[PDB]
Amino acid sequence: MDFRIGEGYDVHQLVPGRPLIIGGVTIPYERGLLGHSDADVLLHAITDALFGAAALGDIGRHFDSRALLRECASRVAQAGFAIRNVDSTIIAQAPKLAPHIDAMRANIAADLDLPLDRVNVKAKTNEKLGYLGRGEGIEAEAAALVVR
């Protein structure tokens, strides 16, 4: 009954010459996300939500973004926590994300050793507003529930 919640945020710029990788899925696109890692904004947001729920700090303190997510899960477990569920949203004007959501969920559940029914990924546009609306970047946000 010792439940905890975590919340995470990430954003990266969309630039020429990078592959677009979100939720571990390589999505055909003219630009990709800019970062030191592969810049997987969704996995990063979920990673931060998991560190937050476990009160283990953040991705900046601790560190392929799937390997990092798998290591995050290891650290959460090390602290005595079990992951109960993850929910998330990706915000991008383009490209279309719906065809790729199922693969992302499958990847996240594998990396977190969760059944598919405890993992969720939602897709949003930003209604043409802000840097998101202009296609300058992609945001992700996440929530995680854990228990010790």
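Residue positions are given as counts along the sequence shown, with the first one as 1.
According to the PDB entry, the deposited sequence contains 10 or more residues between residue 63 and residue 64 that lack coordinates. Just going by the entry, 104 to 112 versus 50 to 58 on mean CA temperature factor gives the higher value to 104 to 112.
Stretches 20 to 28 and 136 to 144 differ in mean C-alpha B factor, with the higher average recorded for 20 to 28. Going by the entry's values, 97 shows the largest Cα B-factor out of 97, 86, 91, 43. Looking at the C-alpha B-factors along this chain, the one for residue 15 belongs to the highest third. In the deposited entry, the Cα temperature factor of residue 68 places it in the lowest third of its chain's modelled residues.
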